[PDB]
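To find a chain, count down the sequence lines: A is the first, B the second, and so on, and within it residues start at 1.
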Amino acid sequence: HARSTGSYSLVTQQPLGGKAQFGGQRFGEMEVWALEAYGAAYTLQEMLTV
Amino acid sequence: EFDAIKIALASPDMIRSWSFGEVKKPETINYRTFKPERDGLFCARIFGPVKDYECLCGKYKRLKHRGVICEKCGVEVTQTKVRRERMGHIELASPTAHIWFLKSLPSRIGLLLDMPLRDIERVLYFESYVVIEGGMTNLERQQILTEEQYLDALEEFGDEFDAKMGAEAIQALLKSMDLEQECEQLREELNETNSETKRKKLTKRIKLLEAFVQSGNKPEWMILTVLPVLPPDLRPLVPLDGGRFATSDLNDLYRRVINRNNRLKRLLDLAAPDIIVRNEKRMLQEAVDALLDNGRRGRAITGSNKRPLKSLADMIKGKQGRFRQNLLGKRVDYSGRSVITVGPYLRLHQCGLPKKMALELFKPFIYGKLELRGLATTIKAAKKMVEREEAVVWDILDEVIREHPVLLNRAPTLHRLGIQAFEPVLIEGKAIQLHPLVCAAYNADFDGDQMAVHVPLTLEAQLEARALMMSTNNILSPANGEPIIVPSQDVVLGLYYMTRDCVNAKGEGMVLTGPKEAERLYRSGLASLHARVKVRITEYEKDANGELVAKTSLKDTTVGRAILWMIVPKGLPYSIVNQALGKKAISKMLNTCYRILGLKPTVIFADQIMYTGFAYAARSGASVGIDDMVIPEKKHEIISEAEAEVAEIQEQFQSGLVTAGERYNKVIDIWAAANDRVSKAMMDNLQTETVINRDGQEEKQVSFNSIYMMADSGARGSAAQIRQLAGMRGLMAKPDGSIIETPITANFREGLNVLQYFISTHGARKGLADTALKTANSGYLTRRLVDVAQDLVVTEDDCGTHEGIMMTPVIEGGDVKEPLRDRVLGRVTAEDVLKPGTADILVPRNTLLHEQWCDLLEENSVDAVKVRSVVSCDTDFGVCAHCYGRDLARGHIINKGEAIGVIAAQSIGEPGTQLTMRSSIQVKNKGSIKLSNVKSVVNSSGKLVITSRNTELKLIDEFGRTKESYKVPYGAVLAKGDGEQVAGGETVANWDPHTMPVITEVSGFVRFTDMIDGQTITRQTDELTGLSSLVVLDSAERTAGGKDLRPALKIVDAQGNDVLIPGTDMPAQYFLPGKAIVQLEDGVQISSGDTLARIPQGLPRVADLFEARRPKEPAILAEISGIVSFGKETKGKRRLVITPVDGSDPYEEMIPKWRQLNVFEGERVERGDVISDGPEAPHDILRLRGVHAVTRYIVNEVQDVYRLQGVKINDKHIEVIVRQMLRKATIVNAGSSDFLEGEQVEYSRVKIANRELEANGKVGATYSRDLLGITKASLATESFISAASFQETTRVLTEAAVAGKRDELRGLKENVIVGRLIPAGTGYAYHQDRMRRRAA
Amino acid sequence: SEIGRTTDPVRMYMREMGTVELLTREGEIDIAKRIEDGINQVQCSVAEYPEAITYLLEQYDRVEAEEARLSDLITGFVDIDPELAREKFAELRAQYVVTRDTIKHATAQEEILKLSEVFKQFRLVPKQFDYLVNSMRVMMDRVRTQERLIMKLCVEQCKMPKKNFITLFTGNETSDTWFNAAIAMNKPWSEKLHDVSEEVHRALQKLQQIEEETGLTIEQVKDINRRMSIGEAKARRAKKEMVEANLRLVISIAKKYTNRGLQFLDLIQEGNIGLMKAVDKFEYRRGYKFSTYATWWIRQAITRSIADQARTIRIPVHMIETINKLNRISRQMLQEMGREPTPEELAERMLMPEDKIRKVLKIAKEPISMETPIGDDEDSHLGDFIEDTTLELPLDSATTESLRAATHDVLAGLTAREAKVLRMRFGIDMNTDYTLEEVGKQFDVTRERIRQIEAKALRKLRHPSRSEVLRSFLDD
DNA sequence: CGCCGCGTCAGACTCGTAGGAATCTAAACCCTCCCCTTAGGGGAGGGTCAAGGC
DNA sequence: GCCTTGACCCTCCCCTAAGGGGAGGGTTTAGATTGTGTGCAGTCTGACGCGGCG
Ligand SMILES: [Mg+2]
Ligand SMILES: [Zn+2]
Ligand SMILES: [Zn+2]
């Protein structure tokens, strides 16, 4: 499954869950720590915001 | 945009200024035409239009009319997005307490009023009255009245006094109280108090009242009179696909609040009986409580499922709250996912990405390059081209992915190598092709694993993927400087098979012109890969300069080693391949290439190693068959002999020679011995049983057995698993953990029968259940570690400190567990390292100890190096790059802006899934002996008697370094004169394990003191001893008198003269405790050293060490140094009094005497030595011995857990967490400072305050550093956002609201929550110029 | 004592509710008699003020010519057909007129009291009696608010002794004869208000109309109103004892409604409101027990509040009743046929068309929680599957921007006049589009010339020289 | 006042598809307000079609 | 070509006579009835705050 853009949730406007919903991958908390352990501040900022 | 986040209490006027109207009805929407109903919870007049730029009535329907509020429907013509921002309010008909400030412990309303929560809850529930003001009356303030007391004092004392119930009463109390007057009263009450419980009570209340005074908050705002209403698009009521509606639980809760509030207003209009109004007020209170926090007070309100409704507090807290599910991690666009397969052709920097995945992930890039190249006139034309998948969109796709990395991620992301960047190679499958060499970093196998792909969009993200995250930058581990992109399985088997030697292999003994000739002969079939041969090898070495000088010689090598030499880079020696290469040798070869030549030769070398190992594992045909599991031919007789032994032990048990316990232990021992015999026979028949002819004569060589070659190369398999294949499976454990006494005498080559298989499943399932249940514990520990250490970043380059820890090799007993070289490599020295030849600088003061300095320390005799540590860094809010040392992933000193705290937490928490969730001295080797902390005397039989409990024996080599370290109990008699040579196996120390002897002070004669006979002694005769002994028994054994009064064995001269000590005139007597056996009488002489009396005696561990948990019963340590005396006994708490010589004398403890004391009344103590024994508590280690002692203790006790499982973590990473646990300090004397005494502040704050106070000549504060566990240290941060997002969100938000806290967003989590660059890494420059263009 | 032991407000309510014991058949009767004596006392204290009786006789002469009916003026007599009321109204008018002239002062207390006791006979409808008592409350509260504005200004000046400011203020009622005695002490406070001695006049000289509009003394009015207050506090304390004694009846009825959307204490409180209405409406002279009448009002209040507030999306009472009727018809048809009926035959047993019943069946459904676990898991909920359908796709936003750019390009390739009227005719880079007359008047040109200009500019843009960029923004 | 057992509170893995929960329940009156019914009429507001006039 | 001019033309909204139909809202209802009513749970372990004994 892949996705560039798609549908978003109502309350929070983040991508939806599954490949049935054509959803995004969960960039969870441990992946955020992995990016913070590198100095990947811009990669992280575009994961979070954009 | 903004620089801080402030949190505070909301006043009623603040709540009414957020709102755009009052919600007056529980109507959501019309049932027929689903437009929102007026004044309801969904109301376009309050909350905004439901269509974009359109009123509700339809009169104003376009952007031509914007911002005009329709006069018919009242709706402002604007964007409908405002329904996510516009709050409303409910004007509550009665004051309702906020449940957070009442029921989140400790109660803020209770602490501020100094009322128990039991009385406040009784007043709130209209069960009791409280007197707001007493007046001309004997009633005190806040006195609780029952109803009959109220009706008595009301008619008896008129309406002079005022007393109410409900939250109107609590609100009148909170309004009527004067905070500054009560602060002064409580402070002068603290200056009148010595009781520390009441002093803690008072400092709690004082800092609450002071937080209220300093903040703009008023106490009475903890009682709600206006209630905010969340915007309706955040609690949406939306039509589902089948015409049904889906709603939030907040609409149910808000409707209940409105309904009970409107009914309360109705009842107050009707002037209902007050039992009905009190009931409606209680119902409105419990409805508002269920809205705010459902389930704190009483039972959770459930709606229409018997499932409890999700309240406002449940929206923001927990694993499924806003913070952890939506703010600390998100679902992202430009992300795909697929099964991973192997590509063994790939280079280390590239992955294989399916074309179907890449065509979707890179879709706006393809649209842009289609419109740019003129192949599409419009983004919709380009969209239709990409839908039709024309032949040109594949060329466009091949040029948009060209230098564009993608991040590949495998969950769980246990460390930072779980995300790595790769250049994509477009492949035709649906599966991602992962390079083999990175799988160990990902913990990935190709048996169904999936990986996520993420596309870096911006140029900065692309350059971070290329420069920080690319897999060619990730070849060293950050946990330990070892290679993590390392060959395994097939590669090490191919490289091992290639570099092995057979005895008479084809083409043996020829002389080759070089490695190219060896490859020609192997490929043309004229020589075997294992033919030992003589090859002219030219190898290059780096001289003193960076120059690469060649030497050519004929090496005695094999054909395969010469072939493998062709891929080795130039600066490496031929001895790196002139051996059989297992996993360790290949890992060390890659590490050697990295340290000598750098990263660019190493990534090429690792790729070449992978290709060559794959090729020659293919060439080998290395299969596994059933004839490879060679069972030893004598296994049957080993089992028959152990069966005969177990039969004779069984007959001995039938004949009563042994009881069941020693019988069972004998059976276990003779089966473990027989298992070791079968294992040794199997491995001996497996490891060399190639017998081979050299010119006719037979010879033994190492075996080319496939099972053995896989085990011996480190490819797969241990000796412990070959034992189960070809030996016997051995003894199994019950689910209790106790060993079944009949082992599996079978192996897997033979079958197991039904019973053997069943008792093997007993432990198979236990291991699988541990694996299934310990991932949650290791994830929770890693989360706590990250959240304690997330804010630690290398911010400075050198703090100029001179402190540090003295690194020594880890020696437990007679084994050197950790040498100095890997404890000190990559660390900056803290003092000049000297030779044993004194005063000559071997290593200067600020040297980073790279491998050459470590070899210099190793070729000299340096046994201790003092290094700089992060626990001793002087840097406020960070760490300097010199107290940290090397970046273990790079190999050079750490850079400023590195988030070393996340690296430390991930380095500790990644191996947590490899941990489990559920006498005399015999010196090993030769060397001198030296002892420490000895109380030593000379015995009458030519001995040394060490009458101390802090002594330790250390064995020095001719080098000069301690190699073994033991420590001996009290009164251990030495079989050795201390200070000269010993031998291997030579016993130095002998003692009694089970009983504690009393050892005299000086030579002399026995004398008695206070031992009144018959009342302190039972004189009992042991029938086969000849002389009767005398027992000093328990205190309940004898009558009043000697039961508590202590028998004192004096030593005097035969002429009656008391013998005096050399150096002091201290009276020489021995006070002995109860439960003692004495064999001595008065008159018999005793020299110094006679023993007169005998008083007889995984993953959760790491989580307990980092949480600083005090053990069940700890050791008892000496707080102050002095001499031991005893106070009030015979309570259960033995009263010990340590008496200093030059200090304030009385210091007492309450030691419960059901634990054996290890101190005597005549002997001194040092502060912190063990008085009683047990597991040491780290708070005690920190208080009594210091910061360096507690960090030494915690790193040693954690690395004992990790080294036991063969896990190698640098202790930089444990020192980082220990530093984050020592972040608070309790003030003991404020001086001329702004702190109280007994107040816990940040250590950096009080250190900066003292810097400023001693900068202005005044005296600063004095403190005692605290130790907090990783949960209490991460909840005590100066940032309420990170603490509220970690856990206990209600407590954090409650204390932050009543304190009026302000979060300056200085750590990593707070800038992640709010969508900013983190202050680490490539966002460190941005934050620096954000703070220097704000401080200017 | 159970105080402080539970959290349940249901247990707290039942606990404090059970401390009142039930009434006998005789207890209800004398509580109702206490209520009726309180209201009778209020009425006999009203009778002292004449204009209320004047308004009531106005109402009766309006009933004479039928501007209204006396069935809305009096519910009956105690010692409704319109002949006895003529007798009682005539004998009451003959009393009011014979009281009107007799003013003296001891003789004035015979006729007022006998008119009070003969006016006691009229048991009015609640509306008229409530109007009379509220009218008297407004009269006394405006008289009282100027009475304490007299002291409002005296506090506006200085320190306020009014312990003995009341000494001869009582009884004079015509002039400042009580006011002159305040300066007769000549303490400094007695200075201040006296230079406001003129500004006070229109307060106590507005008395100049009202003592001529009421006929009786200030404390006579104040004390018949305090007797009204005593009577209504007697009638209100007796209504409270009848509500408090019958809360078990409310719980008894409310336990049969417990799971229809409202919670048990919600039902109890709504039934308590119904019970208070029943206490207000009960008549003990009908010989029935209070339970018989009060059950009607308690059930009314509970069922009405279930129709009002049991649902998220509120259904009106008429459709709530249609749904209930449909449900019991479905129950009968499911029992008598062993099979759930279809809307066709469900519309033939009912009297209603089938398309009406189909929407009634589509109208009665309660919303699902978006915290509903999907898969009956606890990690994924229904709210995780619901999409924002109001979001514009980024390809649609990018298409909108590219179309704005393309029309900007083609409108730059026209005359300035034609591009202006074509950006003005449509809303292009303006906030509103315009009509032919507005574009024309801004140009001081006709409507038809602007129509010609924009039609010609459109024909220019139709040519493929200017159209191939824009034709790409269209579909099949 | 200091300590001990008891009450209470807070934490505890991410991919595909299935996938929710299912009980219980006035009637007779009255009112206002809104839309509906023919076969078109009338008007406001806004466009459109050929005539020419310069 | 730019500009008027008079005649046409369109949709959209409101109106017709005598109520019909329905939605959505109020109100009372008089034999006597007077205290709900469910579960569910095989967590452990820290850790904190408090009645109660000493
Ligand atoms: Mg796998
Ligand atoms: Zn409008
Ligand atoms: Zn430092």
Apply side-chain contact (heavy atoms from CB on, under 4.5 Å) to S335(B) and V453(B), showing your working. CA-CA 5 Å; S335(B) 63; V453(B) 196; over 6 Å; no

Work out the sugar pucker of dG35(E) as north or south, treating a positive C1'-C2'-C3'-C4' as north.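 On the sign test, where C1'-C2'-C3'-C4' is negative, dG35(E) is classed south.
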
If you sort sugars by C1'-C2'-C3'-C4', with positive as north and negative as south, where does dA51(D) go?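 With a positive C1'-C2'-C3'-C4' torsion, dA51(D) is north.
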
Short side-chain N/O contact to [N] OP1/OP2 from [X], under 4.0 Å:
X        : N       : answer
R425(C)  : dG47(D) : yes
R296(B)  : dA10(D) : yes
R1291(B) : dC9(D)  : no
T197(B)  : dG2(D)  : yes
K456(C)  : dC3(E)  : no
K1131(B) : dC3(D)  : no
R304(C)  : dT25(D) : no
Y31(B)   : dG24(E) : yes
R1109(B) : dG46(E) : yes
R447(C)  : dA7(E)  : no
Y293(C)  : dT29(E) : yes
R299(B)  : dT38(E) : no
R299(C)  : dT33(E) : no
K255(C)  : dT36(E) : yes

To the nearest 10°, give me the bend of the helix from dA39(D)-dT16(E) to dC54(D)-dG1(E), comparing the axes of its five terminal pairs at either end.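 Answer rounded to 10°: the end axes differ by 10°.
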
Could you give the distance separating [M] and [N] at their [atom1] atoms, to the nearest angstrom?
N       : M       : atom1 : value
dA17(E) : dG41(D) : P     : 15 Å
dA18(E) : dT38(D) : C1'   : 12 Å
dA12(D) : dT38(E) : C1'   : 30 Å

Scan side-chain atoms only and decide if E371(C) and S369(C) contain a donor-acceptor pair under the 3.5 Å cut-off.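 Per modelled atom types, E371(C) and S369(C) side chains form a pair under 3.5 Å.
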
Just name whichever nucleotide pairs with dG51(E), Watson-Crick or G-U, keeping both distances under 3.5 Å, else none.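 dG51(E) is paired with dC4(D).
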
Using Watson-Crick or G-U wobble geometry with both distances below 3.5 Å, tell me the partner of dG42(E), or none.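 Paired with no nucleotide.
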
Would you say that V1292(B) contacts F1286(B) through its side chain, given a criterion of any heavy-atom pair below 4.5 Å between the two side chains?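 In short, these two side chains do not touch, never coming nearer than 4.5 Å.
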
Taking C-beta and beyond as the side chain, do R425(C) and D433(C) meet within less than 4.5 Å on heavy atoms?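 No, side chains not in contact.
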
Please tell me which of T775(B) and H1(A) maps to the more 5' nucleotide of DNA chain D, matching each residue to the nucleotide holding its nearest heavy atom.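 Per heavy-atom nearest nucleotide, the more 5' residue is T775(B).
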
Using the salt bridge (charged side-chain N to carboxylate O under 4.0 Å, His left out) rule, collect all pairs that involve residues 770-785 of chain B, keeping only residues at least two apart or in two chains.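 The answer is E29(A)-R783(B), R783(B)-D787(B), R784(B)-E1107(B).
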
Smallest separation among heavy atoms of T446(C) and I450(C), with atom names: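 Residues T446(C) and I450(C), closest heavy atoms: O-CG1, 3.3 Å.
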
Under 3.5 Å, side chain of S1274(B) to main-chain N/O of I1270(B), donor-acceptor pair present?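 At least one qualifying donor-acceptor pair exists.
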
Counting the atoms with a prime plus P, OP1 and OP2 as sugar-phosphate, which does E16(C) contact under 4.0 Å by heavy atoms, base, sugar-phosphate, or nothing?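 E16(C): no heavy atom of the nucleic acid under 4.0 Å.
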
Under 4.0 Å, heavy atoms only, any strand: does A245(C) hit a base, just the sugar-phosphate, or nothing?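 Since a base atom lies under 4.0 Å of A245(C), the category is base.
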
OG1-CD distance between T295(C) and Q300(C), expressed to the nearest 0.5 angstrom: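 Going from OG1 on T295(C) over to CD on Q300(C), the span is 13.0 Å.
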
Please report, rounded to the nearest Å, how far the P atom of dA12(D) is from the CD atom of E1288(B).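 So the CD-P distance, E1288(B) to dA12(D), works out to 11 Å.
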
Could you state the atom-to-atom distance from CG of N30(B) to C1' of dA23(E) in whole Å?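 The answer, rounded to whole Å, is 11 Å.
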
Take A1108(B) and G287(C), find for each the nucleotide of DNA chain E with the closest heavy atom, and name the residue whose nucleotide sits nearer the 5' end.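 Final value for this comparison: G287(C).
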
